[PDB]
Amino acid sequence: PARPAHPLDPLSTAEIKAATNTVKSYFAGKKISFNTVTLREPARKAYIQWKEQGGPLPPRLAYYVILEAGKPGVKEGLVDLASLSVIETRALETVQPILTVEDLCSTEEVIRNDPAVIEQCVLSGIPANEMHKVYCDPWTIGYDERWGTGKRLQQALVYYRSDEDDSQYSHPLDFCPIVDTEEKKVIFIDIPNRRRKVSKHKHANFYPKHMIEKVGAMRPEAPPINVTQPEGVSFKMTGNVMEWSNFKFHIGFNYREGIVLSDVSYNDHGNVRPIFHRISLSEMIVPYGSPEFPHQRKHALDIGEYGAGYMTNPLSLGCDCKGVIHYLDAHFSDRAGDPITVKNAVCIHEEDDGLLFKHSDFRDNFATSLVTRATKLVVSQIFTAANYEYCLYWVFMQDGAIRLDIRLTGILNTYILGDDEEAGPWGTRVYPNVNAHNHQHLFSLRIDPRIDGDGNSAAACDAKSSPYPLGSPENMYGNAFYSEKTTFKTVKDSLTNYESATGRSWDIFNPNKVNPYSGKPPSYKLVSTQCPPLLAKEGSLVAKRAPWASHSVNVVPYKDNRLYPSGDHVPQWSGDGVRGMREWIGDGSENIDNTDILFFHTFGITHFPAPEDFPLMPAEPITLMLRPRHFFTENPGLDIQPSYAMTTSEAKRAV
């Protein structure tokens, strides 16, 4: 296939087809299906050498995962696209791979046609001839110690719709079919000891036609707020390379992480300074907090088990993203090895962001005044994991800060509640016979930094009172305080949590350089306070399958292909074994001071549902920021034209 404009560009549709033809030929005569066909990114060293040192062009490689009929687990490998050849391959008989949209599409018809499932619907109050009204959200089984990875399994969380336009989540059923993904058959049904028949209440609906019935009428359309950019946008795109307000970076995308931002630099008045080699979300875990069987199996690692790319929404013009928008499409492979496209998967636009800075002089009643307005650049996607919606916004700012904003919406996962059953303390009755279980949403932000170049370190920064007491010569009035910086020397040192007691932040810094004013190394500081402890206990299934989630920060040495901290193939892993973050941490002794490092940050929220969240939940925001501190020698935005500026002398001339 033709070479891309840029080594980090995602595989084109032609490259995906070329890769799958190559793989089909290599396994000729075998019955195989495609699970993953994606860019294998060039080695970090090879990329930097190519980009900055006139070095070798890295080979264009595709990583694939396939299944073979009648063979356990998966096969994976690499295709060299230039030579149309498989160059690496291996069979992994004891793992299970990510569930694609197709993998999961099939489950509902399997359960609708299964005699044991039909029997359970009838027992639950749904007649056998109304199976078309039965739906399920096909989840990964997550992990079930009865089958391990020996079969590829889904669990069907079952619901009922009185009409196809209903939101089904007011009507969960009590039982849980277990489905063999590849054999397309129900192999078991978890049946509760206490049966609860289908709710007889009206569905809790949310479309305008439903709302008219429920509350009498919709609100009139509000007078509009119109955003226009009649002279175009300030950002410039060259293929997938973005240039805006001195930032330059590559916007990549894949089946798993969704948006991947690479080769991020800031043009500091002609001096182009690296900041990050790569930043993305690398895994998630959404652990539920009901201990009752089988609810322990609700702890989706959405990124590893379904994929933020696979799950991503086509973004419908003028609606999800308001204003003048640049869109990118996403390309994957289906099971047959044919390219599939999701149109308008990523939206790119710039937005007003209030004030950047202002100062006025009281001396002439603020006549002396300067105000400069802020614009932000937003690179966004929205993905749907069954009930949930995750709106993801990568935000670049004119003071050089970078922010990740997330908004959680969609629908609560619900289970049935008996008439006289108490949902607490593990959940909330959000509607009659509806129990919305407690759960956390946790994310693993993966940062491969290059703060002002190569050779970086990380530290925890804690605000502390002076150790000297009130009334001492050193602290006479007891007001002294400082920032205690703990530089991480080894992996073990880095395993740290957010602490409200010290308003903890973390620095990622270049110990080889010095700010000529402050004397401190250039850094980007992680400012992040939505950092829940992992509530699941040590040794729990949740804690074992997501070793990264137990600490707010994990810093490990860089190696190639250290992307996914719960391992490469997540579904049905028990959490036993040295893989992912557990492998990378090892015995905790490896050096992480002044070297190539990877910084994985766990953040998110703890959700205790309330009726406000039902039947459709208003957006709940999550955010973290990476701020330049001691990176610049002064406010980098001062060369932006103010919205208003008047000097003292000018103010005098006009009185």
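For the two forms, the rigid core is made up of the largest set of C-alpha atoms that agree within 1.5 Å on superposition. Position 1 is the first residue in the sequence shown; the rest follow in order.
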query	finding
332 to 340 against 313 to 321 - segment lying farther from this form in 8 other deposited structures of this protein (CA RMS, rigid core fit)	313 to 321
Given 355 to 363 and 216 to 224, the range whose Cα B-factors average higher in the PDB entry	216 to 224
Higher-B stretch (mean Cα B-factor, as the entry records it), 107 to 115 or 280 to 288	107 to 115
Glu164, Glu145, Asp507, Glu305, ranked by C-alpha B-factor: the highest one	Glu164
Out of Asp568, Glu474, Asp338, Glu499, highest CA B-factor residue	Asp338
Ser333 - Cα temperature factor, lowest/middle/highest third of chain	middle
Ranked C-alpha temperature factor of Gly73 among modelled chain residues, by third	middle
Among modelled residues of the same chain, the CA temperature factor third for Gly239	highest
Third of the chain's Cα B-factor distribution that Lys45 belongs to, per the entry	middle
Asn515 - Cα temperature factor, lowest/middle/highest third of chain	middle
